[PDB]
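The form deposited in one PDB entry is given below as one chain in structure tokens.
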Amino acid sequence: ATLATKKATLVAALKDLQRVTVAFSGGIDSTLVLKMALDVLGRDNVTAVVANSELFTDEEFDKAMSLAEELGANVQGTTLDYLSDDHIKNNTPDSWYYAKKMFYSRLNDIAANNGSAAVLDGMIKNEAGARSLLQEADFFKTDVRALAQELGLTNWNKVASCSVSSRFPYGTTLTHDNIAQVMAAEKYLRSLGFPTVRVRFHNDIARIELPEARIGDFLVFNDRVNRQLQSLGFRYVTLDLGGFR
């Protein structure tokens, strides 16, 4: 279908739910849903929820909270304790399931206790107690961008967030100390101009993953990065030859 019929589908689904709770991450999908909900139902029928957790950065949460206020939404912070579950804490291969369970269950309690008809998230085309309307309307990454520019949406988080769990090998126990170590290492690298980066944790070895197109530009920073991540507790600071992923 055309973008007009996909948008009309979205409006009808929203009109029928009447009052919604929106899982708000700050990326372009969730920003589109949140802004479409506000324009169809108005601020007082839309609660935006932003998850605050130890597995994502303080910077991403702060920008999301302020982004929802900029979009004109009542925004709420909720705090998740992902490490309270033994599967997540010990970083087993199915941790994604226990983490997403804890998230949507908290979001269901929020929407149940404020009278919302569903929880909305930003899943698109190409979690059963969530409605992903963009995927129900057959939106693709191309469509979300087309519809966002039409509404004048302009200020979402342009770099993808993933849980810090992925920086640790399966079986490694996540702790406050070693999560903080990875977060400070990745934060410093982003501060040098590398928004997409991974510091993979191998105890005394840091393995840095960069997009291969940036590795040439990184050379000027070797020695400063070496000394900075050593001051954080790594003994060996390395650059992965395979690049990012």
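Each residue number is its position in the shown sequence, starting from 1. Heads up, when I say rigid core I mean the largest set of C-alphas that superpose within 1.5 Å between the two forms.
Although it is not shown, the form solved in complex with a small molecule is what the next lines describe.
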property	result
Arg43, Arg200, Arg190, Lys63 - the one with a heavy atom within 4.5 Å of the small molecule in the deposited complex	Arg200
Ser166, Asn108, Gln135, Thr172 - the one with a heavy atom within 4.5 Å of the small molecule in the deposited complex	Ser166
Non-hydrogen atom contact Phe140 with the small molecule in the deposited complex at 4.5 angstroms	no
Contact of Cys162 with the small molecule in the deposited complex (heavy atom, 4.5 Å)	yes
In the deposited complex, segment of 65-73, 176-184, 213-221, 192-200 with a heavy atom within 4.5 Å of the small molecule	192-200
Core-aligned CA displacement of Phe61 at least 2 Å between the shown form and the other one	no
Core-superposed C-alpha of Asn52 shifting 2 Å or more between the shown form and the other one	no
Threshold 2 Å Cα movement between the shown form and the other one at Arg235, rigid core reference	yes
